[PDB]
Amino acid sequence: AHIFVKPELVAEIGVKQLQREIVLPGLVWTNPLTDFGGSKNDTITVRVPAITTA
Amino acid sequence: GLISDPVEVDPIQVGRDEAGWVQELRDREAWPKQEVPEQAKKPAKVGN
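Residues numbered from 1 in each chain as written, not as in the entry; some residues may be left out. Chains lettered and ligands numbered in written order. Part of a larger assembly, values for the part shown. Heavy atoms only, no water.

As stated in the entry header, the method of structure determination is cryo-EM and the reported resolution is 3.44 Å.

In structure tokens form, the structure reads like this:
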């Protein structure tokens, strides 16, 4: 029978892998403490004030 | 062979069926609903 030699075409019709929408990083508390360098063991230990009872 | 002979099996058909990308679907008129054909669950090839 008739046999033809043809290329193998490749196209990008816009399909892809569906992925999550980024929401979480904009919500949590980011960077209250910055000077991690210049502190022992990379720790910026936060103080919490004292309360008392009468 | 002869121009009046029945048409031979198309090599393009043979290759197309070998690649196995012809769409297979469940029959509409079948109760209970048929199971998903094996072709419809084929994972995407990792290259060309």
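Back to the write-up after that little detour.
This next bit is on the overall build of chain B. Regarding its fold elements, chain B presents one helix and zero strands. Projected onto its principal axes, the C-alpha positions of chain B cover 50 × 35 × 10 Å. Out of the 48 residues belonging to chain B, those deemed buried represent 8%. Per element, the accessible surface of chain B, about 5,000 Å² overall, is 55% carbon and sulfur. Within chain B, the 10 negative side-chain charges are centred at a point lying 12 Å from the centre of the 7 positive side-chain charges. (Helix = DSSP H or I, 4+ residues; strand = E, 2+ residues; numbered from the N terminus. Buried < 20%, exposed > 50% of the residue type's maximum accessible area, 1.4 Å probe, protein only. Areas by Shrake-Rupley, 256 points an atom, 1.4 Å probe, with all protein chains shown as cover. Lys, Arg positive; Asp, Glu negative; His and termini not counted. Charge placed at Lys NZ, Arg CZ, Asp CG, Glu CD.)

Moving on, we come to the packing of aromatic side chains. Tallying each qualifying case throughout the model produces zero aromatic pairs over all chains. The ring of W21 of chain B carries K42 of chain B above its face, with NZ or CZ at 4.7 Å from the centroid. (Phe/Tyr/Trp six-rings, centres within 6.5 Å; stacked < 30°, edge-to-face > 60°. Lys NZ or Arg CZ within 6 Å of the ring centre and 35° of its normal.)

Tallying the contact residues gives four residues for chain B and four residues for chain A. On the chain B side of the interface with chain A, the three residues burying the most area are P11, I12 and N48 of chain B, jointly 78% of the side's total. There are zero salt bridges connecting chain B and chain A. Our enumeration of links across chain B and chain A arrives at zero residue pairs in polar contact. Residues belonging to the side of chain B that touches chain A are distributed by class as follows: two nonpolar, one polar and one charged. (Contact = heavy atoms within 4.5 Å. Buried area = accessible area lost by both parts, 1.4 Å probe. Salt bridge = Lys/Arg side-chain N within 4 Å of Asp/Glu carboxyl O. Polar contact = N/O pair within 3.5 Å; in protein donor to acceptor, adjacent residues only side chain to side chain. Nonpolar A, V, L, I, M, F, W, Y, C, P; charged D, E, K, R; others polar.)

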